[PDB]
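*Asks:* Supplied structure: model.cif, mmCIF, N, CA and C atoms.
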data_target
loop_
_atom_site.label_atom_id
_atom_site.label_comp_id
_atom_site.auth_asym_id
_atom_site.auth_seq_id
_atom_site.Cartn_x
_atom_site.Cartn_y
_atom_site.Cartn_z
N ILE Y 1 40.51 -31.05 -23.00
CA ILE Y 1 41.66 -30.52 -22.21
C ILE Y 1 42.29 -29.33 -22.93
N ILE Y 2 42.52 -29.45 -24.23
CA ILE Y 2 43.05 -28.31 -24.98
C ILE Y 2 41.96 -27.26 -25.13
N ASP Y 3 40.74 -27.71 -25.44
CA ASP Y 3 39.60 -26.82 -25.53
C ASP Y 3 39.26 -26.22 -24.17
N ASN Y 4 39.35 -27.02 -23.11
CA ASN Y 4 39.09 -26.52 -21.77
C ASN Y 4 40.12 -25.47 -21.37
N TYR Y 5 41.35 -25.61 -21.83
CA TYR Y 5 42.38 -24.60 -21.59
C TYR Y 5 42.08 -23.32 -22.36
N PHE Y 6 41.69 -23.44 -23.63
CA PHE Y 6 41.43 -22.24 -24.42
C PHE Y 6 40.17 -21.50 -23.96
N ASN Y 7 39.13 -22.23 -23.55
CA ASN Y 7 37.89 -21.62 -23.09
C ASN Y 7 37.87 -21.28 -21.61
N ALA Y 8 38.62 -22.00 -20.79
CA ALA Y 8 38.55 -21.86 -19.34
C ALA Y 8 37.14 -22.16 -18.83
N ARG Y 9 36.77 -21.63 -17.66
CA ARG Y 9 35.45 -21.86 -17.09
C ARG Y 9 35.06 -20.68 -16.20
N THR Y 10 33.97 -20.00 -16.54
CA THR Y 10 33.49 -18.88 -15.72
C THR Y 10 32.95 -19.37 -14.38
N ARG Y 11 32.99 -18.49 -13.38
CA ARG Y 11 32.49 -18.80 -12.04
C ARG Y 11 31.52 -17.72 -11.56
N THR Y 12 30.66 -18.10 -10.61
CA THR Y 12 29.63 -17.21 -10.09
C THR Y 12 30.18 -15.83 -9.74
N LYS Y 13 29.66 -14.80 -10.41
CA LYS Y 13 30.05 -13.41 -10.20
C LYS Y 13 28.95 -12.70 -9.43
N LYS Y 14 29.26 -12.22 -8.23
CA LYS Y 14 28.27 -11.55 -7.40
C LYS Y 14 27.90 -10.16 -7.92
N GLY Y 15 26.61 -9.84 -7.82
CA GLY Y 15 26.06 -8.59 -8.31
C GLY Y 15 26.50 -7.37 -7.53
N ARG Y 16 26.13 -6.20 -8.05
CA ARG Y 16 26.45 -4.93 -7.44
C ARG Y 16 25.26 -3.99 -7.42
N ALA Y 17 25.13 -3.25 -6.34
CA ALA Y 17 24.20 -2.13 -6.25
C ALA Y 17 25.04 -0.87 -6.20
N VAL Y 18 24.80 0.06 -7.11
CA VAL Y 18 25.56 1.31 -7.15
C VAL Y 18 24.61 2.48 -7.32
N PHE Y 19 24.91 3.58 -6.65
CA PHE Y 19 24.09 4.78 -6.69
C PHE Y 19 24.68 5.85 -7.58
N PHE Y 20 25.87 5.63 -8.12
CA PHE Y 20 26.55 6.61 -8.95
C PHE Y 20 26.54 7.98 -8.30
N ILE B 1 39.39 -34.82 -8.96
CA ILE B 1 40.09 -34.66 -7.66
C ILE B 1 41.02 -33.45 -7.71
N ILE B 2 41.80 -33.31 -8.78
CA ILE B 2 42.64 -32.13 -8.91
C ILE B 2 41.77 -30.92 -9.22
N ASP B 3 40.80 -31.10 -10.11
CA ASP B 3 39.85 -30.04 -10.42
C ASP B 3 38.97 -29.72 -9.22
N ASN B 4 38.55 -30.75 -8.47
CA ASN B 4 37.76 -30.52 -7.27
C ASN B 4 38.54 -29.75 -6.22
N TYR B 5 39.85 -29.98 -6.15
CA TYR B 5 40.70 -29.21 -5.25
C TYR B 5 40.82 -27.76 -5.71
N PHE B 6 41.03 -27.53 -7.00
CA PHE B 6 41.18 -26.16 -7.49
C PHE B 6 39.88 -25.36 -7.40
N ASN B 7 38.74 -26.00 -7.67
CA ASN B 7 37.45 -25.32 -7.62
C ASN B 7 36.79 -25.32 -6.25
N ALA B 8 37.08 -26.32 -5.42
CA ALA B 8 36.38 -26.49 -4.14
C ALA B 8 34.88 -26.68 -4.36
N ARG B 9 34.06 -26.37 -3.35
CA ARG B 9 32.61 -26.52 -3.47
C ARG B 9 31.93 -25.53 -2.54
N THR B 10 31.12 -24.63 -3.10
CA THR B 10 30.37 -23.66 -2.30
C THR B 10 29.28 -24.35 -1.48
N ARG B 11 28.91 -23.73 -0.35
CA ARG B 11 27.87 -24.25 0.52
C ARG B 11 26.83 -23.17 0.82
N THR B 12 25.63 -23.62 1.19
CA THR B 12 24.51 -22.72 1.46
C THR B 12 24.90 -21.56 2.36
N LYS B 13 24.77 -20.34 1.83
CA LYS B 13 25.08 -19.10 2.54
C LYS B 13 23.78 -18.42 2.95
N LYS B 14 23.56 -18.27 4.25
CA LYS B 14 22.32 -17.67 4.74
C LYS B 14 22.27 -16.16 4.50
N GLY B 15 21.09 -15.68 4.15
CA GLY B 15 20.86 -14.28 3.83
C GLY B 15 20.95 -13.34 5.01
N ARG B 16 20.90 -12.05 4.71
CA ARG B 16 20.98 -11.00 5.72
C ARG B 16 19.93 -9.93 5.49
N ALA B 17 19.37 -9.43 6.58
CA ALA B 17 18.54 -8.23 6.57
C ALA B 17 19.32 -7.16 7.30
N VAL B 18 19.54 -6.02 6.65
CA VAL B 18 20.29 -4.93 7.26
C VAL B 18 19.56 -3.62 7.02
N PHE B 19 19.57 -2.75 8.03
CA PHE B 19 18.90 -1.47 7.97
C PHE B 19 19.87 -0.32 7.73
N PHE B 20 21.16 -0.60 7.69
CA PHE B 20 22.18 0.43 7.51
C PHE B 20 21.94 1.61 8.44
N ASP N 1 -20.63 17.77 36.57
CA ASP N 1 -21.06 17.96 35.19
C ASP N 1 -20.31 17.11 34.18
N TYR N 2 -19.05 16.79 34.44
CA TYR N 2 -18.30 15.91 33.56
C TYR N 2 -18.11 14.52 34.14
N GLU N 3 -18.61 14.27 35.34
CA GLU N 3 -18.36 13.00 36.01
C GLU N 3 -18.74 11.79 35.17
N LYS N 4 -19.78 11.91 34.34
CA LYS N 4 -20.27 10.77 33.56
C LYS N 4 -19.60 10.59 32.20
N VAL N 5 -18.79 11.54 31.74
CA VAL N 5 -18.05 11.36 30.49
C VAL N 5 -16.57 11.05 30.73
N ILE N 6 -16.16 10.87 31.99
CA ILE N 6 -14.75 10.55 32.25
C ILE N 6 -14.31 9.29 31.52
N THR N 7 -15.19 8.31 31.35
CA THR N 7 -14.86 7.15 30.52
C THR N 7 -14.51 7.57 29.10
N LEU N 8 -15.34 8.41 28.49
CA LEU N 8 -15.08 8.86 27.13
C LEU N 8 -13.80 9.68 27.05
N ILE N 9 -13.46 10.39 28.11
CA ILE N 9 -12.23 11.18 28.11
C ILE N 9 -11.02 10.26 28.13
N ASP N 10 -11.05 9.23 28.97
CA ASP N 10 -10.00 8.22 28.93
C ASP N 10 -9.85 7.60 27.55
N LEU N 11 -10.96 7.19 26.94
CA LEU N 11 -10.90 6.63 25.60
C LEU N 11 -10.27 7.58 24.59
N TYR N 12 -10.55 8.88 24.69
CA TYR N 12 -9.91 9.81 23.78
C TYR N 12 -8.42 9.96 24.08
N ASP N 13 -8.04 9.96 25.36
CA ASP N 13 -6.63 9.97 25.73
C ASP N 13 -5.89 8.78 25.12
N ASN N 14 -6.45 7.58 25.26
CA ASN N 14 -5.82 6.39 24.69
C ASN N 14 -5.78 6.45 23.18
N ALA N 15 -6.91 6.76 22.55
CA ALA N 15 -6.94 6.76 21.09
C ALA N 15 -6.00 7.80 20.51
N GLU N 16 -5.60 8.80 21.28
CA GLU N 16 -4.60 9.74 20.79
C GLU N 16 -3.17 9.31 21.10
N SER N 17 -2.91 8.86 22.32
CA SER N 17 -1.55 8.44 22.65
C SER N 17 -1.11 7.25 21.82
N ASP N 18 -2.02 6.35 21.46
CA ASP N 18 -1.60 5.23 20.61
C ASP N 18 -1.29 5.65 19.18
N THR N 19 -1.89 6.72 18.69
CA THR N 19 -1.45 7.24 17.40
C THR N 19 -0.12 7.97 17.51
N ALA N 20 0.11 8.67 18.61
CA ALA N 20 1.44 9.24 18.82
C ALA N 20 2.50 8.15 18.90
N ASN N 21 2.19 7.03 19.53
CA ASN N 21 3.10 5.88 19.51
C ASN N 21 3.33 5.36 18.10
N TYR N 22 2.27 5.19 17.32
CA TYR N 22 2.47 4.72 15.95
C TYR N 22 3.36 5.68 15.18
N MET N 23 3.12 6.98 15.34
CA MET N 23 3.94 7.97 14.65
C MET N 23 5.39 7.90 15.08
N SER N 24 5.64 7.65 16.36
CA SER N 24 6.99 7.72 16.89
C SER N 24 7.80 6.44 16.71
N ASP N 25 7.16 5.28 16.71
CA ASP N 25 7.90 4.02 16.68
C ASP N 25 8.32 3.59 15.27
N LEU N 26 7.43 3.72 14.29
CA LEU N 26 7.71 3.23 12.95
C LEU N 26 8.36 4.29 12.07
N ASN N 27 8.93 3.81 10.97
CA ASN N 27 9.71 4.62 10.06
C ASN N 27 8.87 5.03 8.85
N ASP N 28 8.92 6.32 8.50
CA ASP N 28 7.94 6.88 7.56
C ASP N 28 8.06 6.28 6.17
N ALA N 29 9.28 6.12 5.67
CA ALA N 29 9.50 5.44 4.40
C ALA N 29 10.91 4.88 4.40
N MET N 30 11.13 3.91 3.53
CA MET N 30 12.46 3.36 3.32
C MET N 30 12.64 2.97 1.86
N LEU N 31 13.88 3.03 1.41
CA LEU N 31 14.24 2.41 0.15
C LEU N 31 14.44 0.93 0.47
N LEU N 32 13.78 0.06 -0.26
CA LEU N 32 13.95 -1.38 -0.12
C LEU N 32 14.68 -1.92 -1.34
N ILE N 33 15.85 -2.50 -1.10
CA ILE N 33 16.66 -3.16 -2.12
C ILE N 33 16.67 -4.64 -1.78
N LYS N 34 16.40 -5.49 -2.77
CA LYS N 34 16.42 -6.93 -2.59
C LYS N 34 17.34 -7.59 -3.60
N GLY N 35 18.02 -8.64 -3.16
CA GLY N 35 18.78 -9.49 -4.05
C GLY N 35 20.19 -9.73 -3.55
N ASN N 36 20.85 -10.74 -4.10
CA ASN N 36 22.21 -11.10 -3.72
C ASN N 36 23.16 -10.10 -4.38
N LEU N 37 23.30 -8.95 -3.73
CA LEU N 37 24.07 -7.82 -4.24
C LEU N 37 25.14 -7.42 -3.25
N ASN N 38 26.24 -6.87 -3.76
CA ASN N 38 27.21 -6.18 -2.91
C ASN N 38 26.75 -4.74 -2.76
N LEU N 39 26.38 -4.34 -1.55
CA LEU N 39 26.10 -2.95 -1.23
C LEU N 39 27.22 -2.43 -0.34
N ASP N 40 27.94 -1.43 -0.82
CA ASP N 40 28.98 -0.83 0.00
C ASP N 40 28.33 -0.01 1.10
N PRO N 41 28.58 -0.32 2.38
CA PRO N 41 27.94 0.47 3.45
C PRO N 41 28.28 1.94 3.43
N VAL N 42 29.29 2.36 2.67
CA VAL N 42 29.58 3.78 2.53
C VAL N 42 28.84 4.41 1.36
N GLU N 43 28.63 3.66 0.28
CA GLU N 43 27.92 4.20 -0.87
C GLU N 43 26.45 4.45 -0.56
N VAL N 44 25.87 3.66 0.34
CA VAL N 44 24.49 3.87 0.76
C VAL N 44 24.29 5.26 1.36
N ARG N 45 25.34 5.87 1.90
CA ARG N 45 25.19 7.20 2.46
C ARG N 45 25.02 8.25 1.38
N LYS N 46 25.51 7.97 0.17
CA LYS N 46 25.31 8.83 -0.98
C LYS N 46 23.91 8.69 -1.56
N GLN N 47 23.05 7.91 -0.92
CA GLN N 47 21.69 7.70 -1.40
C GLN N 47 20.90 8.99 -1.63
N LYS N 48 21.15 10.04 -0.85
CA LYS N 48 20.43 11.29 -1.05
C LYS N 48 20.91 12.12 -2.23
N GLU N 49 22.14 11.95 -2.68
CA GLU N 49 22.66 12.65 -3.84
C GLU N 49 22.61 11.81 -5.11
N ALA N 50 22.08 10.59 -5.03
CA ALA N 50 22.01 9.69 -6.17
C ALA N 50 20.89 10.08 -7.12
N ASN N 51 21.09 9.77 -8.39
CA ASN N 51 20.11 10.00 -9.44
C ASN N 51 19.77 8.75 -10.20
N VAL N 52 20.71 7.82 -10.33
CA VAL N 52 20.49 6.55 -10.99
C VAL N 52 20.89 5.46 -10.01
N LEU N 53 19.97 4.55 -9.72
CA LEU N 53 20.27 3.37 -8.93
C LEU N 53 20.43 2.23 -9.91
N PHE N 54 21.60 1.62 -9.94
CA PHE N 54 21.86 0.50 -10.84
C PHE N 54 22.03 -0.76 -10.01
N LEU N 55 21.21 -1.77 -10.29
CA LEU N 55 21.30 -3.07 -9.65
C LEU N 55 21.72 -4.09 -10.69
N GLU N 56 22.90 -4.67 -10.50
CA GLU N 56 23.43 -5.66 -11.41
C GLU N 56 23.31 -7.02 -10.75
N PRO N 57 22.55 -7.97 -11.30
CA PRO N 57 22.32 -9.23 -10.59
C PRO N 57 23.52 -10.15 -10.59
N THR N 58 23.52 -11.05 -9.60
CA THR N 58 24.51 -12.11 -9.52
C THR N 58 24.27 -13.12 -10.63
N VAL N 59 25.34 -13.55 -11.30
CA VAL N 59 25.23 -14.56 -12.34
C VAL N 59 25.78 -15.87 -11.78
N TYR N 60 24.87 -16.78 -11.44
CA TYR N 60 25.21 -18.10 -10.94
C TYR N 60 25.64 -18.98 -12.10
N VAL N 61 26.72 -19.73 -11.92
CA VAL N 61 27.22 -20.64 -12.94
C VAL N 61 27.10 -22.06 -12.43
N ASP N 62 26.36 -22.87 -13.16
CA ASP N 62 26.11 -24.27 -12.84
C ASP N 62 27.36 -25.11 -13.05
N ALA N 63 27.42 -26.24 -12.35
CA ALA N 63 28.54 -27.16 -12.55
C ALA N 63 28.56 -27.66 -13.99
N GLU N 64 27.39 -27.78 -14.61
CA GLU N 64 27.29 -28.14 -16.02
C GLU N 64 27.49 -26.95 -16.95
N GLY N 65 27.93 -25.80 -16.41
CA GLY N 65 28.27 -24.62 -17.17
C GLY N 65 27.16 -23.63 -17.47
N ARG N 66 25.92 -23.91 -17.09
CA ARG N 66 24.83 -22.98 -17.38
C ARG N 66 24.89 -21.74 -16.50
N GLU N 67 24.61 -20.59 -17.11
CA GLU N 67 24.64 -19.28 -16.46
C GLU N 67 23.22 -18.75 -16.28
N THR N 68 22.91 -18.25 -15.09
CA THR N 68 21.57 -17.76 -14.80
C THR N 68 21.62 -16.61 -13.80
N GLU N 69 20.66 -15.69 -13.90
CA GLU N 69 20.70 -14.43 -13.17
C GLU N 69 19.84 -14.46 -11.92
N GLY N 70 20.41 -14.02 -10.80
CA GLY N 70 19.61 -13.78 -9.61
C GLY N 70 18.62 -12.65 -9.79
N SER N 71 17.58 -12.67 -8.97
CA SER N 71 16.64 -11.56 -8.89
C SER N 71 17.24 -10.36 -8.18
N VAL N 72 16.94 -9.17 -8.68
CA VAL N 72 17.25 -7.92 -8.00
C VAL N 72 16.00 -7.05 -8.04
N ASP N 73 15.74 -6.31 -6.97
CA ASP N 73 14.57 -5.44 -6.94
C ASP N 73 14.86 -4.17 -6.14
N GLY N 74 14.12 -3.11 -6.45
CA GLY N 74 14.27 -1.84 -5.77
C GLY N 74 13.00 -0.99 -5.76
N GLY N 75 12.68 -0.36 -4.64
CA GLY N 75 11.50 0.49 -4.59
C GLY N 75 11.35 1.07 -3.20
N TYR N 76 10.44 2.03 -3.06
CA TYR N 76 10.20 2.63 -1.75
C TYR N 76 8.95 2.06 -1.10
N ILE N 77 9.05 1.76 0.19
CA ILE N 77 7.92 1.30 0.98
C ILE N 77 7.64 2.36 2.04
N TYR N 78 6.37 2.54 2.38
CA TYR N 78 6.01 3.61 3.31
C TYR N 78 4.96 3.20 4.32
N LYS N 79 5.15 3.71 5.53
CA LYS N 79 4.27 3.51 6.67
C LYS N 79 2.89 4.10 6.43
N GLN N 80 1.86 3.37 6.84
CA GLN N 80 0.49 3.76 6.54
C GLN N 80 -0.44 3.16 7.59
N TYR N 81 -1.57 3.83 7.85
CA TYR N 81 -2.57 3.32 8.78
C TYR N 81 -3.97 3.71 8.32
N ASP N 82 -4.96 3.11 8.98
CA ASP N 82 -6.39 3.31 8.72
C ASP N 82 -6.85 4.68 9.22
N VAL N 83 -6.61 5.71 8.42
CA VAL N 83 -7.01 7.05 8.82
C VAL N 83 -8.53 7.19 8.89
N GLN N 84 -9.25 6.65 7.92
CA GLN N 84 -10.70 6.85 7.89
C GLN N 84 -11.38 6.33 9.15
N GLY N 85 -10.97 5.16 9.64
CA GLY N 85 -11.65 4.58 10.78
C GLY N 85 -11.20 5.12 12.11
N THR N 86 -9.95 5.57 12.21
CA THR N 86 -9.52 6.16 13.47
C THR N 86 -10.02 7.58 13.60
N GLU N 87 -10.07 8.32 12.50
CA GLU N 87 -10.71 9.62 12.55
C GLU N 87 -12.20 9.51 12.84
N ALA N 88 -12.90 8.57 12.21
CA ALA N 88 -14.32 8.43 12.54
C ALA N 88 -14.53 8.06 14.00
N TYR N 89 -13.62 7.28 14.57
CA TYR N 89 -13.76 6.90 15.97
C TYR N 89 -13.48 8.07 16.91
N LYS N 90 -12.42 8.83 16.65
CA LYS N 90 -12.10 9.95 17.52
C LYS N 90 -13.07 11.12 17.34
N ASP N 91 -13.60 11.29 16.13
CA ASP N 91 -14.70 12.21 15.91
C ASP N 91 -15.94 11.81 16.70
N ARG N 92 -16.25 10.52 16.74
CA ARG N 92 -17.41 10.09 17.52
C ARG N 92 -17.20 10.32 19.01
N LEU N 93 -16.02 9.98 19.53
CA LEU N 93 -15.77 10.23 20.95
C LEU N 93 -15.92 11.70 21.29
N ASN N 94 -15.28 12.57 20.52
CA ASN N 94 -15.36 14.00 20.80
C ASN N 94 -16.79 14.51 20.73
N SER N 95 -17.51 14.12 19.68
CA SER N 95 -18.91 14.50 19.55
C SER N 95 -19.74 14.04 20.74
N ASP N 96 -19.54 12.80 21.20
CA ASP N 96 -20.30 12.32 22.35
C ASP N 96 -19.97 13.07 23.63
N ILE N 97 -18.71 13.44 23.83
CA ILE N 97 -18.36 14.24 25.00
C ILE N 97 -19.13 15.56 24.99
N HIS N 98 -19.12 16.24 23.85
CA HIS N 98 -19.84 17.51 23.80
C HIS N 98 -21.34 17.31 23.90
N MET N 99 -21.89 16.27 23.28
CA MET N 99 -23.33 16.05 23.37
C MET N 99 -23.77 15.81 24.80
N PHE N 100 -23.13 14.88 25.51
CA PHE N 100 -23.61 14.55 26.85
C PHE N 100 -23.35 15.67 27.83
N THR N 101 -22.33 16.49 27.62
CA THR N 101 -22.15 17.64 28.50
C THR N 101 -22.98 18.85 28.08
N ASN N 102 -23.67 18.77 26.95
CA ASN N 102 -24.43 19.87 26.35
C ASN N 102 -23.56 21.07 26.00
#
Take the structure in the file and give it back as structure tokens.
*Replies:*
Amino acid sequence: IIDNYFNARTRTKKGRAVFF
Amino acid sequence: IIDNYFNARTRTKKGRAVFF
Amino acid sequence: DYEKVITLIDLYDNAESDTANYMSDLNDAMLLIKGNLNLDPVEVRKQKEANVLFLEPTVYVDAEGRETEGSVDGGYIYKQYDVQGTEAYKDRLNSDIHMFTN
């Protein structure tokens, strides 16, 4: 719980297509 | 239950074909 | 004098109009992008002025915390047909028309 607070939890990040 | 409420649950998302 | 090659003339008409159809219906080339990506429908219009195409994959996160990358792909695909065999066929039709009519 304390460690879970300090680390949090990442979630699925959707990709990107970019042409610059 | 509290965590399940905060995170919810993703479901199968069908793909797309697009020609722009 | 041509009454007996009218069949061959029809065949040449068809073998040409169907290539004109192939030329007119399909698309000569396309950029093909694959993968679970956000493509801005406005940025795609800058495709002709682009120099670097960057595809950043989706990072799926497991309930057990594992992180893994979606596939992304990019390349050009192009329309193509059997030129050797259609040219040999239309060459044969034309040659036979001239041969039988002398």
*Asks:* Is it possible to get the residues within 12 Å of (34.1, -24.8, -20.5) (coordinates as in the file, counting only C-alpha atoms) written as a ChimeraX atom specification?
*Replies:* /Y:1-11 /N:61-67
*Asks:* What are the closest atom pairs, with distances in Å to one decimal, for all residues of chain N lying within 12 Å of chain B? Consider only C-alpha atoms, order rows by chain and residue number, and present the result as CSV.
*Replies:*
residue,atom,partner,partner_atom,distance
N:27,CA,B:19,CA,11.2
N:30,CA,B:19,CA,9.3
N:31,CA,B:19,CA,9.9
N:32,CA,B:19,CA,9.5
N:33,CA,B:18,CA,10.2
N:34,CA,B:17,CA,9.5
N:35,CA,B:15,CA,9.5
N:36,CA,B:15,CA,8.3
N:37,CA,B:15,CA,10.8
N:38,CA,B:16,CA,11.7
N:39,CA,B:20,CA,10.2
N:40,CA,B:20,CA,10.2
N:41,CA,B:20,CA,7.0
N:42,CA,B:20,CA,9.5
N:43,CA,B:20,CA,10.8
N:44,CA,B:20,CA,7.9
N:45,CA,B:20,CA,9.0
N:47,CA,B:20,CA,11.5
N:60,CA,B:10,CA,11.5
N:61,CA,B:10,CA,11.5
N:62,CA,B:10,CA,11.4
N:63,CA,B:9,CA,10.0
*Asks:* Return chain Y as a PDB file with N, CA and C atoms, keeping the file's coordinate frame, after superposing it on chain B by a least-squares fit that covers all C-alpha atoms paired in order.
*Replies:*
ATOM      1  N   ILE Y   1      39.388 -34.823  -8.966  1.00  0.00           N
ATOM      2  CA  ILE Y   1      40.095 -34.661  -7.662  1.00  0.00           C
ATOM      3  C   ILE Y   1      41.023 -33.450  -7.712  1.00  0.00           C
ATOM      4  N   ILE Y   2      41.795 -33.311  -8.781  1.00  0.00           N
ATOM      5  CA  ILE Y   2      42.644 -32.126  -8.912  1.00  0.00           C
ATOM      6  C   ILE Y   2      41.773 -30.917  -9.214  1.00  0.00           C
ATOM      7  N   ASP Y   3      40.795 -31.097 -10.108  1.00  0.00           N
ATOM      8  CA  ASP Y   3      39.846 -30.048 -10.421  1.00  0.00           C
ATOM      9  C   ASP Y   3      38.968 -29.721  -9.218  1.00  0.00           C
ATOM     10  N   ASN Y   4      38.553 -30.741  -8.470  1.00  0.00           N
ATOM     11  CA  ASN Y   4      37.752 -30.519  -7.278  1.00  0.00           C
ATOM     12  C   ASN Y   4      38.543 -29.752  -6.225  1.00  0.00           C
ATOM     13  N   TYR Y   5      39.843 -29.970  -6.154  1.00  0.00           N
ATOM     14  CA  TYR Y   5      40.703 -29.206  -5.251  1.00  0.00           C
ATOM     15  C   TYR Y   5      40.821 -27.756  -5.705  1.00  0.00           C
ATOM     16  N   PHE Y   6      41.023 -27.530  -7.004  1.00  0.00           N
ATOM     17  CA  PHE Y   6      41.183 -26.160  -7.480  1.00  0.00           C
ATOM     18  C   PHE Y   6      39.879 -25.359  -7.404  1.00  0.00           C
ATOM     19  N   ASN Y   7      38.737 -25.997  -7.671  1.00  0.00           N
ATOM     20  CA  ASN Y   7      37.446 -25.324  -7.621  1.00  0.00           C
ATOM     21  C   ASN Y   7      36.793 -25.323  -6.250  1.00  0.00           C
ATOM     22  N   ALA Y   8      37.078 -26.312  -5.417  1.00  0.00           N
ATOM     23  CA  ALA Y   8      36.385 -26.489  -4.146  1.00  0.00           C
ATOM     24  C   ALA Y   8      34.884 -26.679  -4.364  1.00  0.00           C
ATOM     25  N   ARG Y   9      34.060 -26.373  -3.358  1.00  0.00           N
ATOM     26  CA  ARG Y   9      32.616 -26.522  -3.468  1.00  0.00           C
ATOM     27  C   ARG Y   9      31.922 -25.525  -2.541  1.00  0.00           C
ATOM     28  N   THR Y  10      31.119 -24.630  -3.106  1.00  0.00           N
ATOM     29  CA  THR Y  10      30.372 -23.661  -2.293  1.00  0.00           C
ATOM     30  C   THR Y  10      29.281 -24.350  -1.480  1.00  0.00           C
ATOM     31  N   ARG Y  11      28.913 -23.731  -0.358  1.00  0.00           N
ATOM     32  CA  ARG Y  11      27.865 -24.252   0.520  1.00  0.00           C
ATOM     33  C   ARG Y  11      26.826 -23.172   0.824  1.00  0.00           C
ATOM     34  N   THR Y  12      25.622 -23.620   1.195  1.00  0.00           N
ATOM     35  CA  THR Y  12      24.504 -22.723   1.458  1.00  0.00           C
ATOM     36  C   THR Y  12      24.899 -21.555   2.357  1.00  0.00           C
ATOM     37  N   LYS Y  13      24.767 -20.335   1.833  1.00  0.00           N
ATOM     38  CA  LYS Y  13      25.079 -19.102   2.546  1.00  0.00           C
ATOM     39  C   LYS Y  13      23.782 -18.423   2.951  1.00  0.00           C
ATOM     40  N   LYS Y  14      23.553 -18.275   4.252  1.00  0.00           N
ATOM     41  CA  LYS Y  14      22.327 -17.665   4.743  1.00  0.00           C
ATOM     42  C   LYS Y  14      22.277 -16.154   4.507  1.00  0.00           C
ATOM     43  N   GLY Y  15      21.088 -15.674   4.146  1.00  0.00           N
ATOM     44  CA  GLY Y  15      20.858 -14.278   3.824  1.00  0.00           C
ATOM     45  C   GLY Y  15      20.959 -13.343   5.010  1.00  0.00           C
ATOM     46  N   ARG Y  16      20.901 -12.044   4.715  1.00  0.00           N
ATOM     47  CA  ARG Y  16      20.971 -11.005   5.716  1.00  0.00           C
ATOM     48  C   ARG Y  16      19.931  -9.924   5.492  1.00  0.00           C
ATOM     49  N   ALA Y  17      19.370  -9.432   6.575  1.00  0.00           N
ATOM     50  CA  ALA Y  17      18.539  -8.233   6.567  1.00  0.00           C
ATOM     51  C   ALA Y  17      19.321  -7.157   7.293  1.00  0.00           C
ATOM     52  N   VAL Y  18      19.541  -6.023   6.648  1.00  0.00           N
ATOM     53  CA  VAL Y  18      20.290  -4.925   7.260  1.00  0.00           C
ATOM     54  C   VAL Y  18      19.558  -3.617   7.030  1.00  0.00           C
ATOM     55  N   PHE Y  19      19.577  -2.751   8.030  1.00  0.00           N
ATOM     56  CA  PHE Y  19      18.905  -1.463   7.976  1.00  0.00           C
ATOM     57  C   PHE Y  19      19.867  -0.323   7.729  1.00  0.00           C
ATOM     58  N   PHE Y  20      21.164  -0.595   7.692  1.00  0.00           N
ATOM     59  CA  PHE Y  20      22.177   0.431   7.511  1.00  0.00           C
ATOM     60  C   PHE Y  20      21.937   1.608   8.437  1.00  0.00           C
TER      61      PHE Y  20
END
*Asks:* Rounded to one decimal place, report the atom C of residue 58 of chain N-atom C of residue 70 of chain N distance in Å.
*Replies:*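 The value is 5.7 Å.
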*Asks:* What does the structure give for the distance between atom CA of residue 14 of chain N and atom C of residue 85 of chain N, in Å to one decimal?
*Replies:*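 Going from atom CA of residue 14 of chain N over to atom C of residue 85 of chain N covers 13.7 Å.
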*Asks:* What does the distance between atom CA of residue 53 of chain N and atom N of residue 69 of chain N come to in Å, to one decimal place?
*Replies:* 19.7 Å
*Asks:* Please evaluate the PyMOL selection byres (((chain N and resi 78 and name CA) around 8) and name CA) against the displayed coordinates and give the resulting residues as a list in words.
*Replies:*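 Selected by the PyMOL selection byres (((chain N and resi 78 and name CA) around 8) and name CA) in this file: residues 27, 28, 29, 30, 76, 77, 79 and 80 of chain N.
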*Asks:* So that I can look at just that part, could you write segment 2-11 of chain Y with N, CA and C atoms, as a PDB file, in the first residue's frame?
*Replies:*
ATOM      1  N   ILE Y   2       1.896   1.289   0.851  1.00  0.00           N
ATOM      2  CA  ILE Y   2       2.805   2.428   0.832  1.00  0.00           C
ATOM      3  C   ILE Y   2       3.668   2.364  -0.419  1.00  0.00           C
ATOM      4  N   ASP Y   3       4.155   1.167  -0.740  1.00  0.00           N
ATOM      5  CA  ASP Y   3       4.921   0.958  -1.962  1.00  0.00           C
ATOM      6  C   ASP Y   3       4.060   1.172  -3.197  1.00  0.00           C
ATOM      7  N   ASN Y   4       2.806   0.720  -3.156  1.00  0.00           N
ATOM      8  CA  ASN Y   4       1.898   0.937  -4.277  1.00  0.00           C
ATOM      9  C   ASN Y   4       1.619   2.417  -4.488  1.00  0.00           C
ATOM     10  N   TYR Y   5       1.578   3.189  -3.408  1.00  0.00           N
ATOM     11  CA  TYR Y   5       1.427   4.635  -3.516  1.00  0.00           C
ATOM     12  C   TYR Y   5       2.667   5.278  -4.123  1.00  0.00           C
ATOM     13  N   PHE Y   6       3.854   4.870  -3.676  1.00  0.00           N
ATOM     14  CA  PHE Y   6       5.076   5.480  -4.199  1.00  0.00           C
ATOM     15  C   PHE Y   6       5.332   5.107  -5.657  1.00  0.00           C
ATOM     16  N   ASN Y   7       5.028   3.868  -6.047  1.00  0.00           N
ATOM     17  CA  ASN Y   7       5.248   3.413  -7.417  1.00  0.00           C
ATOM     18  C   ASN Y   7       4.081   3.683  -8.357  1.00  0.00           C
ATOM     19  N   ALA Y   8       2.859   3.755  -7.840  1.00  0.00           N
ATOM     20  CA  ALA Y   8       1.662   3.850  -8.672  1.00  0.00           C
ATOM     21  C   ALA Y   8       1.547   2.646  -9.605  1.00  0.00           C
ATOM     22  N   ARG Y   9       0.838   2.793 -10.727  1.00  0.00           N
ATOM     23  CA  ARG Y   9       0.666   1.696 -11.679  1.00  0.00           C
ATOM     24  C   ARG Y   9       0.446   2.268 -13.073  1.00  0.00           C
ATOM     25  N   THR Y  10       1.334   1.943 -14.014  1.00  0.00           N
ATOM     26  CA  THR Y  10       1.186   2.394 -15.396  1.00  0.00           C
ATOM     27  C   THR Y  10       0.001   1.717 -16.079  1.00  0.00           C
ATOM     28  N   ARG Y  11      -0.566   2.395 -17.082  1.00  0.00           N
ATOM     29  CA  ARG Y  11      -1.694   1.866 -17.846  1.00  0.00           C
ATOM     30  C   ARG Y  11      -1.408   1.928 -19.345  1.00  0.00           C
TER      31      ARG Y  11
END
